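A.B. asks: Below is one structure. I have some questions about it.
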Amino acid sequence: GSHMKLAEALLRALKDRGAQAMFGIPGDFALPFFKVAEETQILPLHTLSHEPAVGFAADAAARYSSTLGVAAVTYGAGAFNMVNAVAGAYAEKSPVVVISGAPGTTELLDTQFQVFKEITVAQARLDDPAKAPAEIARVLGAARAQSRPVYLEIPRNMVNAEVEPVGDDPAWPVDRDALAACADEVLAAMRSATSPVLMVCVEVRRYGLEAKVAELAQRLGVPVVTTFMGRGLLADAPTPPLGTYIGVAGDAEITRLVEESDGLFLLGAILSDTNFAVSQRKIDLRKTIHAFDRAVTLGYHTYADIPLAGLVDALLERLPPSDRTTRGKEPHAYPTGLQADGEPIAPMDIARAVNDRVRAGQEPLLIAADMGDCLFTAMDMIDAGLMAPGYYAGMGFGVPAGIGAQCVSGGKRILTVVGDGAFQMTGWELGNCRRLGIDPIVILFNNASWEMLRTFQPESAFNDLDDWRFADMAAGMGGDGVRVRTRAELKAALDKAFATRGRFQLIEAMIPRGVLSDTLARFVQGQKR
Amino acid sequence: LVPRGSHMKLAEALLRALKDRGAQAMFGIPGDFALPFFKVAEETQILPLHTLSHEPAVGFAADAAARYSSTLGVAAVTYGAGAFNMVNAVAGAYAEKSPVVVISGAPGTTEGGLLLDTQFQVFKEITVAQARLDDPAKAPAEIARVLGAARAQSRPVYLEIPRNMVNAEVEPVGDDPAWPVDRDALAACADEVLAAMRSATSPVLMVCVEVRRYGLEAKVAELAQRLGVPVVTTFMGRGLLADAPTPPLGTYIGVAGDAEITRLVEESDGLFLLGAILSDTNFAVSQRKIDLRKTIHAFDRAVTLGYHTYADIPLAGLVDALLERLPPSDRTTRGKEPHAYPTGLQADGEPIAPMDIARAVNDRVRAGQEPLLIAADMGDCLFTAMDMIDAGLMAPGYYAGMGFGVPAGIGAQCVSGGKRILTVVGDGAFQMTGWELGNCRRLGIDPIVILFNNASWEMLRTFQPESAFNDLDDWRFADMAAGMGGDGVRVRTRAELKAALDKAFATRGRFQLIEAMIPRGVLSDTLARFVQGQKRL
Amino acid sequence: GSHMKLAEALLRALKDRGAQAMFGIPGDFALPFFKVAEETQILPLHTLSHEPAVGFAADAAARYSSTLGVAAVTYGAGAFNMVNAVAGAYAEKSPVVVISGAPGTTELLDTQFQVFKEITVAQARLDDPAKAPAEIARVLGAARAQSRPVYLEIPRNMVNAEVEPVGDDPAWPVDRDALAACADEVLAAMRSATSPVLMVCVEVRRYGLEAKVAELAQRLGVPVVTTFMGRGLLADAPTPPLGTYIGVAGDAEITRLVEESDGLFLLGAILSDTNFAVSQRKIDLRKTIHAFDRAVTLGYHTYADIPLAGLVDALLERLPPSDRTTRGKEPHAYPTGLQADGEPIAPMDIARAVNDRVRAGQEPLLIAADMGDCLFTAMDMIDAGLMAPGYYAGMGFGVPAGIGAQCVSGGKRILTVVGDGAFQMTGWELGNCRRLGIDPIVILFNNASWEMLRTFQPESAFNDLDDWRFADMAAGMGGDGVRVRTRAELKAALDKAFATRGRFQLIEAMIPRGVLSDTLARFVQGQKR
Amino acid sequence: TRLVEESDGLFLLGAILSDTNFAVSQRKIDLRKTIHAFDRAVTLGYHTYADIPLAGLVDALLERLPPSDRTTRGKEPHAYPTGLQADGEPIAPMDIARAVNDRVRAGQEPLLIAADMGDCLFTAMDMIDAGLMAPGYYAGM
Ligand SMILES: Cc1ncc(C[n+]2csc(CCOP(=O)(O)OP(=O)(O)O)c2C)c(N)n1
Ligand SMILES: Cc1ncc(C[n+]2csc(CCOP(=O)(O)OP(=O)(O)O)c2C)c(N)n1
Ligand SMILES: Cc1ncc(C[n+]2csc(CCOP(=O)(O)OP(=O)(O)O)c2C)c(N)n1
Ligand SMILES: Cc1ncc(C[n+]2csc(CCOP(=O)(O)OP(=O)(O)O)c2C)c(N)n1
Ligand SMILES: [Cl-]
Ligand SMILES: [Cl-]
Ligand SMILES: [Cl-]
Ligand SMILES: [Mg+2]
Ligand SMILES: [Mg+2]
Ligand SMILES: [Mg+2]
């Protein structure tokens, strides 16, 4: 018989589901909601400067803990200013709960609702106190079940409406007969394949199925490969991945193994023609088994309403235990050996600088990367996780994602890599580190250029950018910046950054135009063909 | 048949069609799918190509350029993230009747799934017309149709160009197709409007946004003199008819404005809204504050009054029809300035308040400086700008979205032929898009920017002062200007403000950033009236 | 460069797609649209008395010619009063285009739009002249592709807006590889089955695939059976159906053949637990092949975007020609031999009366039946088609459907059978026959009872209805009515009705309570078990 | 009509607001000067009070007003048509109203009237009744 303000019921429902913080920027229509969030302290409230960062930070927080992210905005400009970040979270299967303030029920372009419907899997306007609890459960349940963003619009006069507490997600029971048929066909297909391959992908991480999938991989007995967004999965498994598939720029043997498989089990994979993703045009659709978005497709036919977790358990029930292991193999060889001299800096030198510290005893940091050669370089860095817009490829994610991740990392420092073009977009969010109580290390790749674009159209003058003095601007926003031009300066700056806590550390690495990471070089050489 | 032989690339035809319609530049940020299009733009130089740092600024700059010259604005982006990142700026342009032509690159017609097309569906919600130029034979007519729609309704439009179509040969783009015009309804409407104006006890003519967008100032000045009723402007009509025989008594902006003007408008029993946006946000004329039953609303090519709506009535046509029915008049209602601008800055050791910034600017003008056009962001900077003498004011007065300020000043100055722009912006808004100033050197511009730094989202504090989240940190913006190629100075006293403003005006060639420290709780007079007016109700 | 009023463009688009008439009831918001319809004469405009009849008549017209039906109503009460008829058309795969007038774009509960979205497959509010042509093509195209109702809302101020003519339906090209895979699996399943059965169902008729399916049936070589809504299909085919499956009340051999099949090919079937339909709980889901709603499901997996027509052509390409025929068999035995004496009337006597006339030389008439024992009786009548709510089971369809069908029959007379309860609902629509220029024969089964309900709960008094003198009321609404109590009177009345053209003929047959048709008797006996 | 539409203090105590048929329309009155008490809320002066039952608002107003013996009764405001001319002329809707009213004036206790939508409703407005039930706002037949 208890009841609470609608806003409080929502905040508690989010916390009940694992949310760790709420990022946001208020406005008139959202002020009452922000007041409840601040006064109740149910979720830590972190504000940022610009809405893109609110969305990227919530996305990063969701990815960091494989839970719900929370992004709060105000009606109109505020919400429209987060459309790109939300689209990116949708694209990369990250459940960001977008909460927008809205005009009261009694109160220029609804357009906003229509736009958000295009980039979320469920929406609700909480304008009826009696049904709000069920609607919140339905919408948050969809976010969790599909691992994609959702939209909640709260009229300002409803924030304080009394409602009953939010219950559990509505349960959608799987058809046992269909699941059995699905598991049987999938297993039969893997057994009939001359070259079966198990790809561990994004949904495995999002749904927290790492342990179950490590077990499945051991029992299935086929080669394991990860997709870009599955990087690091099963690293501690009995049969760790042979490597990561990233398309033309990756290991040739891995690329062929994936593309020539006649039993390619895409366990939770996002398919697209984007650079690093598994593309339908490069694989055998007559033999691929795509388990994704609560469905399983093979031989052009689909089993509906098959959650990934259920499929994995069904396969385990049909497989005998195994003690097989492949861990006696040699570990991956990362680029190391930075020559700390007076020579200029190349992207690979940044990778070597980071890797050398790790080899010398530094526990690796999780890396947040923006889109650009910084990402191609980060791929060769030893990390405690990599968070980047590898498929969506939108710029601006980097710095805000590092900030969002460190806000929920419980003390673990984050390393962010970002190019000059991307920094001009959202790097300024670092001015918020002092209030947030964080101190990320940021390596800014400054080549005074939109280099990825120059690489593919070198004759154009518009890719030449001005020389912005980012390191000189760091103090103005509360951080310690240093511009480095030589490998010796780079080595020294990285050590100093790790030795200095309390303020964000910005290392502005000057890189000449035309100098690329090894992976980007291979990508370019690959396209030419 | 597939076109062949025109020796004109689709992209070139589009750039030329835009130039034919008055476009003065193209702002944009490239990406893979848009590279071929940007190559044509750069190589042909049909329109000056200006790049910016972040897409919001591309949209705001294009919007500002459109507003500055009452023409088409052009914003070029790449498919996906690039385009989605400009949705807010485009929605703002739609909201304030500014024709921004959005041109997005797209996958080639024979190419090919991360979302769910999603992009087209989103843009269709914030534009008046759209076209995917994937058929060279139909491209010319589609361009004319879409650009024609932008000009007919003064709203943004969307053009999506598959990258393999950029260089496809096409025939030249013709003129805009004609929109419906009901001559019979026009005549009947004109008669009814005049009858309503004549019978009203307190009629009022409001000169609004469409009058400026459609270049009707001269015709409306003539109409105002002949109609013989009190004249007032809306926020977006501010400045119109200033030199006319019957100039506006003032600008209506709701409770925040002059009490006499507000009363005149809200008590009118014959309110003729000539081209007005009707909305309940910020400074817009609100359907909830006036009596729609006694209102004549001419907008979006229609006219509503007496419980009925006349369709297919272009504003220019209605004005001409009214003039044909009114005899000439020598009526003159000019007099000494209606709105008294604050002057007399006390250049001493006291802290700075928003009104001191208005006095500093106004004193320079009164001393002989030709006023600059002002670009303002949303915040107390806008409320303060209402009391500044200007050569035009560009701001999100209705949409109220932050981030517009600095990019708008940049876009306007790119097309101003050297006329310097004065930008006013708060600390919260500068944190969003003020960084775009780093592009001034390459763009060859040097705007003056007054940053109101109260370490606060102050407008929100006025609405909910109990909240701690409106307190912002100390950002040393002036100290960051050099890294962006400009001159910055932080000022704390009125004397420092006076000196810095003079130095900024005396120094061209580099943008000038004056970071004015202002205490929390100190508001412009207009924002103070706005806040008090809210409480009263 | 030509353009026309939006309303005219819609009417022509409907006529282009085969629509033969428009049924409707106007109101303030729809008056301008009705004016265009009346003045242009593009489609004959037929008004009725009450909206249920408008919907049932449009549904019947659609069914009669396997084309689009058109039902025009006014905003509010008018449209809400047609929700049941539209739901029934949706339930039975009939493409009724609902056109509602609406407030002008510049102008108590939108609720109406939301309600119609629940019972239609596509909707559009034509409030933008520039996009109206494409929206009309999209919505009408959905009606044709899915064979279900659609909704078009036209603001009154848009009726006369100038628009470009409507083009063709947007084309949704089928994936050739998926179709090939589907056809291969289906054919392999039919060949591996020990008892394959081809069921010809509603979509075969709706999409005009009778000739193609007759060919498929001959080449496939398996037994053919029809569903209730497939009654009469392939009657003239090389291998006509062995019979019609209608559940427990049908032929035992047919019921078992269907239910025990391990290769049940449901070609275009509506599945449901309703009386006469094929139910998922009575068949083997591990062996059923369900081709319906543009998909094909077997073994719990589904091939998407497979139009029925495409599937049939794909199977024909994989089957060799055949000269096989089963037409040497004995035809169906219908009840005949009415004893025209002084004894009371039973439902089977009505069937015998109708069948005897046919055996004596009368070309059979298409029969429109309402829900009740009249339908169970009609199942044993020789017809030129049977139109009834066999699956939806909603009352009131009968008389209006007969009226709608005769409006588009090009001179062919229609026979309607209806119970007293159903007649009290919509039988009054017969008052419109004079204006419509039609003269259907209507046999009203009057047992002063909701007999189907008494059969299952005989102890209830509320199923006892009063004695309404329907025949006595016929003249008041322009028809010739006669009440008959004996078999001799029945025989004479039916002959007189057929001999009298110009006015509807109402034969009110008095039937005692407790006297049922043979099929209903079997149904009841079946449920008991 | 003039009294209502020109009012600068229109207190709508429990009114349905709609533009259909006989309903009070937001387009005919000045909402700025209207006090709308309906659906357990009260709207006026550009703001809305929530959770206000109509019975509660009435009681609260009574508590703030002193008793009064004010009386504004007078001879019937609406003149009902009477005097049916019972002759050979055809029937018009007003004749039906006169027939009904004449019976009442002659001593018949009025009956409650149920009316459908159509001129029957417009005619019933001029009939003496013991209540009138009709779809006056919804206008459904
Ligand atoms: C929001 C957004 N706008 C534009 C692009 C197109 N784009 C892809 S790479 C690139 C250049 C990035 O420059 P930078 O951040 O300096 O890294 P670099 O290419 O020099 O390594 C651009 C503009 C994008 N991906 N996202
Ligand atoms: C894109 C966007 N996000 C949020 C808001 C809500 N908002 C309106 S005023 C304001 C504070 C502005 O702070 P500032 O720029 O420092 O100017 P001040 O109010 O202090 O004068 C905010 C966040 C908005 N209008 N637009
Ligand atoms: C619209 C609707 N309302 C109620 C029912 C429930 N119902 C099914 S059969 C029946 C009785 C029909 O009586 P009648 O038309 O006289 O035919 P009978 O049963 O006597 O053969 C009823 C009320 C229905 N199917 N449809
Ligand atoms: C269910 C429904 N359908 C259609 C209408 C539209 N309508 C309003 S008045 C009218 C005509 C009513 O005719 P009638 O009952 O004979 O009364 P009359 O207008 O002749 O006085 C119609 C069809 C409606 N209000 N309700
Ligand atoms: Cl993946
Ligand atoms: Cl305006
Ligand atoms: Cl069927
Ligand atoms: Mg760069
Ligand atoms: Mg501020
Ligand atoms: Mg009966």
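Counting begins at 1 with the first residue displayed.
Per deposition record, X-ray crystallography, 1.5 Å.
Heads up, the Cβ atoms here are built off N, Cα and C, so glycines get one too.
Quick paste of what Swiss-Prot says about this protein:
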| type | residues | note |
| --- | --- | --- |
| BINDING | B:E55 | thiamine diphosphate binding site |
| BINDING | B:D427, B:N454 | Mg(2+) binding site |
| REGION | B:380-458 | region 'Thiamine pyrophosphate binding' |
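Pasting the relevant annotations from the PDB entry:
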| type | residues | note |
| --- | --- | --- |
| SEQADV | B:1-7 | cloning artifact |
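Tell me about the surroundings of these features in the structure.
C.D. replies: Non-local neighbourhood of B:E55 (thiamine diphosphate binding site): B:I29, B:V77, B:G82, B:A83, B:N85, B:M86, B:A89, each in the same chain, at least six residues away, with C-beta under 8 Å from its C-beta.
Classification of B:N454 (Mg(2+) binding site) by DSSP places it in coil, neither helical nor stranded.
Beyond the cloning artifact (B:1-7), the same-chain residues lying 6 or more positions past its ends with a Cβ under 8 Å from any Cβ of the stretch are 136-137, 168-172.
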A.B. asks: Quick one: of the binding-site residues B:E55, B:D427, B:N454, flag those whose CB is under 6 Å from ligand 2, and say none if nothing qualifies.
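C.D. replies: B:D427, B:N454, in sequence order.
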A.B. asks: Look up B:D427 (Mg(2+) binding site) in the DSSP assignment and report helix, strand or coil.
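C.D. replies: DSSP assigns B:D427 (Mg(2+) binding site) to helix.
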A.B. asks: Within 10 Å of the Cβ of B:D427 (Mg(2+) binding site), how many other Cβ atoms can be counted across all chains shown?
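C.D. replies: The answer is 27.
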A.B. asks: In DSSP terms, helix, strand or coil for B:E55 (thiamine diphosphate binding site)?
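C.D. replies: Once the DSSP labels are grouped into three classes, B:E55 (thiamine diphosphate binding site) ends up as helix.
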A.B. asks: List every residue in the same chain as B:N454 (Mg(2+) binding site), at least 6 positions away in sequence, whose Cβ is under 8 Å from its Cβ.
C.D. replies: B:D380, B:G426, B:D427, B:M517, B:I518, B:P519, B:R520, B:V522
A.B. asks: Give me the DSSP three-state residue breakdown of the cloning artifact (B:1-7), ordered helix, strand, coil.
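C.D. replies: Taking the cloning artifact (B:1-7) as a whole: 0 helix, 0 strand, 7 coil.
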